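*Asks:* Generate coordinates for the sequence data below:
(11 chains, ligands or ions: 11)
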Amino acid sequence: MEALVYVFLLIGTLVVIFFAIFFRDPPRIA
Amino acid sequence: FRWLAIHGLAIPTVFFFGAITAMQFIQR
Amino acid sequence: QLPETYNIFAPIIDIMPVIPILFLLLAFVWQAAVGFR
Amino acid sequence: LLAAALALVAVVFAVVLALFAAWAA
Amino acid sequence: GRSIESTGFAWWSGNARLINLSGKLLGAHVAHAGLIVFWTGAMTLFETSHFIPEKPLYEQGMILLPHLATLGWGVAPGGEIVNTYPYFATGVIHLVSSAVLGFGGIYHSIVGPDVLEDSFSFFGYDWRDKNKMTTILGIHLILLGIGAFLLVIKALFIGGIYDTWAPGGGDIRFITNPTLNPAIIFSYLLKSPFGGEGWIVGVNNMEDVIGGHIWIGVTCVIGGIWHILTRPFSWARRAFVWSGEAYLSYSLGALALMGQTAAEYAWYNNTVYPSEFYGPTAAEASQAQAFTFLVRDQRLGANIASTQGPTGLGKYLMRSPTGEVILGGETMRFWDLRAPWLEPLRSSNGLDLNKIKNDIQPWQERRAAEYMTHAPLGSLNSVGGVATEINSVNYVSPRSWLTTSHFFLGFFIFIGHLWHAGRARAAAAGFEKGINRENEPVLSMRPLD
Amino acid sequence: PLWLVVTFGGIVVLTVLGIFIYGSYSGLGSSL
Amino acid sequence: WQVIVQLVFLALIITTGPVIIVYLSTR
Amino acid sequence: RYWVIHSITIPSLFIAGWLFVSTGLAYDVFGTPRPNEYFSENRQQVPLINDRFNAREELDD
Amino acid sequence: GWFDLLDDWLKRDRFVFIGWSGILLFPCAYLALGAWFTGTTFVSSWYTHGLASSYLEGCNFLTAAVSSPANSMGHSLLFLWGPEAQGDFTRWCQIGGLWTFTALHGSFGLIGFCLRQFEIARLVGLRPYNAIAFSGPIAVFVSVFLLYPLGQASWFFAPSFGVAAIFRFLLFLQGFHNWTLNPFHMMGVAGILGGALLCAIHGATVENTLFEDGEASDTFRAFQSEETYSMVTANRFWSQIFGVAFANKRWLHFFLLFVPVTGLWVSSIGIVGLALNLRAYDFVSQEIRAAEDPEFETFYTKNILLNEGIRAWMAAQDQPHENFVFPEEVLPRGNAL
Amino acid sequence: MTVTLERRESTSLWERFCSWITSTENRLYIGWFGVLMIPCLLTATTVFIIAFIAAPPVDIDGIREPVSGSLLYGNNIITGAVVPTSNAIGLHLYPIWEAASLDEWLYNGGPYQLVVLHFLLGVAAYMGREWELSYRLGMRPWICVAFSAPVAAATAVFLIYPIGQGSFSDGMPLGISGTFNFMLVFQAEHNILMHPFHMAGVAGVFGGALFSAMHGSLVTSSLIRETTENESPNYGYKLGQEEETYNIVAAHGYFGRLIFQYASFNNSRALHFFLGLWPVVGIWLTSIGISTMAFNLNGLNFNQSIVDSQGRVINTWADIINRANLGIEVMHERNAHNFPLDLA
Amino acid sequence: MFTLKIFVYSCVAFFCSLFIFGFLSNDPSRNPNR
Ligand code: CLA
Ligand code: CLA
Ligand code: CLA
Ligand SMILES: CCCCCCCCCCCCCCCC(=O)OC[C@H](COP(=O)(O)OC[C@@H](O)CO)OC(=O)CCCCCCCCCCCCCCC
Ligand SMILES: CC1=C(/C=C/C(C)=C/C=C/C(C)=C/C=C/C=C(C)/C=C/C=C(C)/C=C/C2=C(C)CCCC2(C)C)C(C)(C)CCC1
Ligand SMILES: CC1=C(/C=C/C(C)=C/C=C/C(C)=C/C=C/C=C(C)/C=C/C=C(C)/C=C/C2=C(C)CCCC2(C)C)C(C)(C)CCC1
Ligand SMILES: CC1=C(/C=C/C(C)=C/C=C/C(C)=C/C=C/C=C(C)/C=C/C=C(C)/C=C/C2=C(C)CCCC2(C)C)C(C)(C)CCC1
Ligand SMILES: CC1=C(/C=C/C(C)=C\C=C/C(C)=C/C=C/C=C(C)/C=C/C=C(C)/C=C/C2=C(C)CCCC2(C)C)C(C)(C)CCC1
Ligand code: OEX
Ligand SMILES: [Cl-]
Ligand SMILES: [Fe+3]
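*Replies:* Numbering: from 1, shown residues only, chains lettered A, B, ... in the order given. Ligands and ions are numbered 1, 2, ... in the order given. Below you will find the coordinate block:
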């Protein structure tokens, strides 16, 4: 059941991406 | 160094070009 | 082949289709002659 | 194949087409 | 203006200097047409000059002569090129005409007036004049219709066209009864482009071809008249960008699409592109190999309808996913093939096993051998065969040249379409030269988060 | 003239390259 | 002997371009 | 002005390379086989070098 | 002073900068490049690989090369005055001395060029990031052209300086090492493709967020401390398109330094691995499963088969010194083909 | 009356919809091209994930020998893939509703066709979307061209090549190992390495990475001291500032002394144009190469081109690479071929 | 299977109609310089 680990890692990456997009700290103009 | 470099590249280039043309006419 | 008459015009025809390319190249020549390119 | 497909396609298309026609008016 | 200072464009983008100069632009177009007709003539005379009587066209690297042969000039029954003189005639005509168009081009480009709106009013135009543009469009559309009717006339009355499906092998035939039924023609139009369907590339009889050209002729003429005598509706006026570059981009998209379509015609169709002239298709060649070894092994005493391959599928004969009896092996992918040398053996449920056992003709075997040995595979330096093949056969099928070249062209033409459409939008709105430092849109927008 | 020099030189280069391309069809390396 | 004819014709066309340009460059 | 010495040396070098090939001196210099020297009357196989420290005597044969 | 005068002369502002680094760089660079031309034009590989290798023999630019030394030479440095050629230039070329010549002079040439980057950087007064970035390519050359053959039997299996020859090295490493399956190589591919991506996207973005600093359609002429493009507009655009955008120019430029360079370094790790035949060739789990279960198939196993084919057939021609004889009955192949 | 018809249509419902669709205030821009893109990419993504994890083996070569591609069927990340549709289907449209059951669909490789078509559509729409947002924000519109290069590549390996070869089974597998397989077979049957357009592609990516590293190193080298020691120099730049953050003259000078004076760029606009142009053209050409080789105009064939006086073949490196090509050719799809020539 | 076809056809026709009629709604006017 290495499939569990692979799925876990993939879900991890996708979650990281999701939070990188919708939970980024907003860029602020000088 | 300008002369040395420019000629360093250009002289053999012409030599080789002649050679290779000559090769274009070598038959089996 | 070509009709026997125009047989004598074989080599010239061999160069005929290469002419449009020359025109392209000519453009650059023209430009270089002017001062641009 | 069946008439149902054409019916639905033409239905949705006509609906959005009318929406657009109102907009154009 | 012919400088960066006077126009704003550099010597490269040099050609953009002609956008608002009607005269020189017309000169450019005419001269270019001159180049096209030049190439047509010169290359045709080249192909006639290099042609050898007792060899197939596709072995000699011909792409123009197969078109003329398809139209029915100098062809004997079977696809034998006997008379090579009409080709010479067309080549000469095109060449001389190229002299005329060339003269006109150089004149309007260098000698004549830059602006045709001053001295003239019929040949002058503003890009923003919708009526004039639709008028020109209408005229040229009518011209295209006339051309379609030229093909129709040529095929109905003047000798006819080469029919590879002709009852008795490929032969020139006058199309007596063309197809005018809208159900059929437009059945082509509204059909899938996928396997077994083929959209408009799947046309397999000259009746439907010529009838289709009747329909397209009528359509182009009626549309030409329509655009000449009308003005664009409100919605079209609101939806489109009205400028020269925009029109250029539209024609570019169109020509990209057409390029792709032509590549597909050259690659799959063998009716408008007879295999006698253009060579076999990939499908046709693969099927030809399967057929060939089916015949060979059947002659060696094998019951091919019962011959089990390594996989468990038929070695020579199997079934298509919809039940039809087809040739086995990889060529199972090519079971949609229709070829005049194979259809004699075709039945209602696919290949007729009885006819396969009994009625296979020598000429069919010759066709299969020839085609499987002239498959459209070859290197860039024209080494015939698969990539691992050795240097002996000098051959690359005309189908490969045509299809690849026109994919190249269609592709880059699409790129040009994106480029010019984008620049058309940006130039219309007014920011094609950069962002206004005093009117930067983003600075007037609420931040994203 | 600079442009005439560039043109002549370019023609020369293209001629030599053309000779090489011809050489791919003749003599050694031509499969003949 | 056909090759020489071909190369002569080629030379003439190729030269034809630049000659027109040079000629007009004088005027 | 500087085209003279170049008109006397550039063609000279060009012809010198040409002669370097046409006289066949290149073959003798770089040990490159002539189109008729790949296989002799004695050897019909590829003449690979097998001895590292005796490559001279091996190449002589 | 003497040394000070030397330094003054060497660091003069010429059309081509020299420097101390120039003392090392220019000779070796010249000799490497020249050896490549000399070899690809005149020298053959008949006595090393049994191959024609030069223009003189009929090779074109694609098939010509300076091939690796004979396998029998081992890891010999193959000096011209070495105990193998013994001064004889002809026998030297026939052995494959030009390969070691090109390789060593090329190596010291790379050292000299990197030192040149450092030197010019220090003289001008810049940060030496160009040299570091260049440590990348160096790692590639050292690992592939030096370490890999040094780990193997001889220089013979090192890449030959030529197009089709390099292609051979490629397919060789695929068939024998399953190099595509190696994660380090995958990181390399990530580095290169990512680098090209960054180059393209940065170029396009800057070109399409330009400020109107002129009236001409030729925006090139209209170019100072002011930014020539709108960073804010770019940020907005890529944030709404891709979800994430750059905000810091310095971080951006460092990033498109970092990605490709890292790629190169990683793939180098991989290549060292292959120098010792320490491959990422197989997945034991799938090999065992496939051994016990004849219905189990993945693209991995298919590629394993492909490797086996490559190895047989080419094995006979690519390694002539081995005298491999494979009867046509033992060559692995499928039905019909 | 000029080019653009500058006019509005008075807070209509359809106009409100068009406004929201084309809104530049949305966190993610959803243009009309997005009206196409979002559903396509979502369907494609869902089917891809579900299949990559749990899809049963697929009879790719139509020879009734199903290949396993999913994780729950013995694959890992590297070997797992979405197996291309059956060669028995070829270029036939095979939607779910044309199969008798989902099981059949899974067996014949329907997922691949679905995912490929939807993905290509959605990615084309992605390109159009890049243009669209560029237009809405008053930008120059040529980012989508740059992106047109990768789209062309994807279209080449997922659509055009199957068209030229007559089957989606020849399309590139959606997976790592499958990709490698695609590459190897492609080399065997087109000799792509000896194709000048692929060489152009390699020039595009190698050169792209080179110029990326070069530009990066140059700008990073000439950063102006705005930061303290041991602190991140990135903090020395602020988003939106107008002052340049590096010494362009110093960089140009360095580059000028590295090679020679006239080898360096002075115009940053020219430099970045070049940076955008080189790899995009490279990739364009390689994409074209994949498609034109999709119609069997293969790479340069120099097999046995060199002959000796007696008439015997003298091999070159092209012959060796031909040996490798032969290996791949004879070994690939061992049970698929019944006849001596591989024409499909 | 037919109902699925009907569903998918409905979706495709829907989004295609929105696309076409959407891009017909004076799109060139949708720019910051208007
Ligand atoms: C219907 C065809 C068509 C027409 C009429 C135009 C017309 C125009 N284009 Mg355009 N374009 C087209 C197709 C077309 N394009 C295609 C298919 C593409 C995609 C490749 C482009 C990409 C393009 C760009 C990127 C740009 C233009 C621009 C322009 C404008 C100036 C062009 C110019 O000066 O050329 C100058 C001509 C040259 C410099 C010659 C270049 C030759 C190329 C690079 C090599 C092609 C290889 C060739 C096939 C053979 C190789 C030679 C070999 C034998 C030695 C002008 C309005 C410019 C613009 O927007 O200005 C408003 C601009 O920047 N075009
Ligand atoms: C009623 C007016 C009228 C007519 C009859 C034409 C006719 C033509 N124009 Mg034209 N044009 C017009 C107004 C008109 N134009 C206006 C107002 C403008 C804006 C200034 C232009 C701008 C323009 C450009 C820029 C170009 C043309 C071109 C052409 C030719 C197309 C050739 C081709 O391949 O088509 C398709 C051909 C066929 C389908 C074959 C049959 C066509 C008919 C039946 C006969 C063709 C014979 C011969 C070509 C000319 C005789 C035509 C005449 C007897 C009607 C054609 C001669 C093109 C060209 O190359 O000109 C030489 C071109 O590049 N035109
Ligand atoms: C020569 C080509 C040509 C060109 C450039 C134009 C150009 C134009 N026409 Mg036109 N037209 C033509 C030929 C042409 N026409 C012909 C031959 C006819 C019939 C005889 C018409 C009949 C016609 C009418 C009746 C009207 C126009 C209108 C217009 C204008 C609006 C265009 C528009 O919104 O299109 C957008 C078009 C569509 C969205 C229609 C979709 C096409 C359907 C779906 C069939 C295609 C399906 C097909 C099977 C698949 C194709 C494959 C492809 C998608 C890859 C524009 C100026 C309009 C206008 O402004 O009034 C003057 C208008 O009311 N035209
Ligand atoms: C409908 C629209 C759909 C859009 C497509 C979805 C796009 C998703 C993009 C996610 C980006 C995540 C960035 C995290 C990291 C992050 O949040 O960085 C944020 C960062 C912001 O940089 P700043 O300029 O603000 O940094 C200033 C200082 O903090 C620097 O130290 O963005 C970048 O550095 C640009 C490079 C991003 C490009 C990264 C591409 C990676 C692709 C994904 C690879 C793995 C995929 C695995 C799949 C199994
Ligand atoms: C605008 C311009 C341009 C362009 C131009 C062009 C493109 C032109 C063209 C032109 C042309 C396009 C021309 C044509 C001509 C043609 C001709 C001149 C023809 C002739 C013919 C002949 C001579 C024939 C003869 C014969 C016969 C009769 C038959 C038999 C055989 C023979 C051969 C004997 C450029 C860019 C450069 C720049 C400047 C400006
Ligand atoms: C001859 C022939 C035939 C026939 C043909 C025909 C009859 C055709 C037709 C065709 C057609 C009839 C076509 C059409 C097309 C159309 C199109 C292609 C369209 C397009 C569109 C567009 C492009 C649009 C766009 C847009 C949008 C969508 C959005 C808004 C804006 C705009 C408007 C821009 C047959 C097959 C029998 C056989 C073969 C030969
Ligand atoms: C080894 C050795 C050495 C050395 C020597 C040397 C250093 C040599 C050199 C050599 C050289 C230094 C050579 C050169 C060559 C060159 C060449 C061979 C060239 C070619 C060219 C071409 C082929 C062209 C191309 C092109 C371009 C550039 C671009 C555009 C296109 C075209 C194609 C035109 C010594 C004695 C010290 C010692 C012993 C050993
Ligand atoms: C029909 C005929 C005829 C006519 C012909 C013709 C029409 C010709 C033309 C020709 C031509 C039309 C030529 C042209 C040429 C051109 C050229 C030759 C150009 C150029 C070249 C080059 C080489 C360039 C280079 C360059 C430059 C300067 C710039 C850029 C850079 C480069 C370096 C690339 C005759 C009378 C014989 C009679 C018979 C038939
Ligand atoms: O399916 Mn995938 O790979 Ca194109 O080639 Mn024929 O088919 Mn199969 O063999 Mn080789
Ligand atoms: Cl088969
Ligand atoms: Fe930058």
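
*Asks:* near chain K, which residues of the stretch 101-250 of chain J?
*Replies:* Within the stretch 101-250 of chain J, the positions near chain K by Cβ under 8 Å from any Cβ of the partner chain are J:135-138. To be clear about C-beta, it is placed using only N, CA and C from the backbone, and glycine gets the same treatment.

*Asks:* typo on my end, it should be chain D
*Replies:* So far as Cβ under 8 Å from any Cβ goes, chain D lies against chain K at D:2, D:4-5, D:8-9, D:12-13, D:15-17, D:19-20, D:23.

*Asks:* Same list (these) but as JSON lines, adding secondary structure, distance to residue E:152 and neighbour count.
*Replies:* Formatted as JSON lines, these follow (DSSP: H, G, I helix; E, B strand; the rest coil; distance: Cβ to Cβ, whole Å; neighbours: other Cβ atoms under 10 Å in any protein chain shown):
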{"residue": "D:2", "secondary structure": "coil", "distance to residue E:152": "37", "neighbour count": "9"}
{"residue": "D:4", "secondary structure": "helix", "distance to residue E:152": "39", "neighbour count": "13"}
{"residue": "D:5", "secondary structure": "helix", "distance to residue E:152": "35", "neighbour count": "15"}
{"residue": "D:8", "secondary structure": "helix", "distance to residue E:152": "39", "neighbour count": "16"}
{"residue": "D:9", "secondary structure": "helix", "distance to residue E:152": "34", "neighbour count": "18"}
{"residue": "D:12", "secondary structure": "helix", "distance to residue E:152": "39", "neighbour count": "20"}
{"residue": "D:13", "secondary structure": "helix", "distance to residue E:152": "34", "neighbour count": "16"}
{"residue": "D:15", "secondary structure": "helix", "distance to residue E:152": "41", "neighbour count": "13"}
{"residue": "D:16", "secondary structure": "helix", "distance to residue E:152": "39", "neighbour count": "20"}
{"residue": "D:17", "secondary structure": "helix", "distance to residue E:152": "36", "neighbour count": "14"}
{"residue": "D:19", "secondary structure": "helix", "distance to residue E:152": "42", "neighbour count": "17"}
{"residue": "D:20", "secondary structure": "helix", "distance to residue E:152": "38", "neighbour count": "20"}
{"residue": "D:23", "secondary structure": "helix", "distance to residue E:152": "43", "neighbour count": "20"}
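
*Asks:* Export the residues you listed to a markdown table and append columns for distance to residue I:269.
*Replies:* Below are these laid out as a markdown table (distance: Cβ to Cβ, whole Å):
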| residue | distance to residue I:269 |
| --- | --- |
| D:2 | 61 |
| D:4 | 61 |
| D:5 | 58 |
| D:8 | 59 |
| D:9 | 58 |
| D:12 | 57 |
| D:13 | 59 |
| D:15 | 61 |
| D:16 | 58 |
| D:17 | 62 |
| D:19 | 61 |
| D:20 | 60 |
| D:23 | 62 |
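
*Asks:* Max pairwise distance over those residues: which two?
*Replies:* Longest distance between any two of the residues of chain D next to chain K is 32.4 Å, between D:2 and D:23; criterion Cβ to Cβ.

*Asks:* Do stretch J:13-31 and ligand 6 come into contact?
*Replies:* No. Counting by Cβ under 6 Å from any ligand atom, ligand 6 has no neighbours in stretch J:13-31; the shortest distance is 12.2 Å.

*Asks:* Please compute how far that stretch lies from its chain's middle.
*Replies:* 30 Å (Cα atoms, centre = their mean, to the nearest Å).

*Asks:* and residue J:82, backbone torsions?
*Replies:* In terms of degrees, to the nearest 10, the main-chain angles of residue J:82 are phi -90, psi 110.

*Asks:* need the contact list for the residue of the stretch 151-300 of chain I found nearest chain F.
*Replies:* Residue nearest to chain F within the stretch 151-300 of chain I: residue I:164 (12.7 Å; Cβ to the nearest Cβ). Residue I:164 makes contact with I:62-63, I:65, J:193-194, J:302, J:316-318, J:320-321, according to Cβ atoms under 8 Å, 6 or more residues apart in numbering or on different chains.

*Asks:* Narrow the residues you listed to those in strands?
*Replies:* residue I:65 (DSSP state E).

*Asks:* Now do the SS call for residue J:344.
*Replies:* What DSSP: H, G, I helix; E, B strand; the rest coil gives for residue J:344 is coil.

*Asks:* element containing the residue nearest to residue I:128 when sequence neighbours are not counted?
*Replies:* Among residues not flanking residue I:128 along the chain, residue I:121 sits closest, at 4.6 Å (Cβ to Cβ, 6 or more residues apart in numbering or on different chains). Here residue I:121, judged by DSSP states H and E, is contained in helix I:97-124.

*Asks:* Then residue E:188?
*Replies:* helix E:182-189.

*Asks:* Quick one: name whatever helix or strand follows that helix.
*Replies:* Past helix E:182-189, the next helix or strand by DSSP H and E is helix E:206-228.

*Asks:* so what secondary structure elements neighbour that next one?
*Replies:* helix E:130-156, strand E:161-163, helix E:182-189 (3 or more Cβ pairs under 8 Å, 6 or more residues apart in numbering or on different chains; DSSP states H and E).

*Asks:* Which secondary structure elements does the shortest one sit against?
*Replies:* Spelled out, it's strand E:161-163. helix E:65-71, strand E:171-173, helix E:206-228.

*Asks:* For the residue of chain F found nearest ligand 10, give its distance to residue J:177.
*Replies:* Nearest to ligand 10 in chain F, going by Cβ to the ion, is residue F:31, at a distance of 28.8 Å. Note on residue F:31: its distance to residue J:177, by Cβ to Cβ, to the nearest Å, is 37 Å.

*Asks:* The two: which is more packed in?
*Replies:* residue J:177 (26 against 20; other Cβ atoms under 10 Å in any protein chain shown).

*Asks:* Could you measure from residue I:334 over to residue J:327?
*Replies:* 12 Å.
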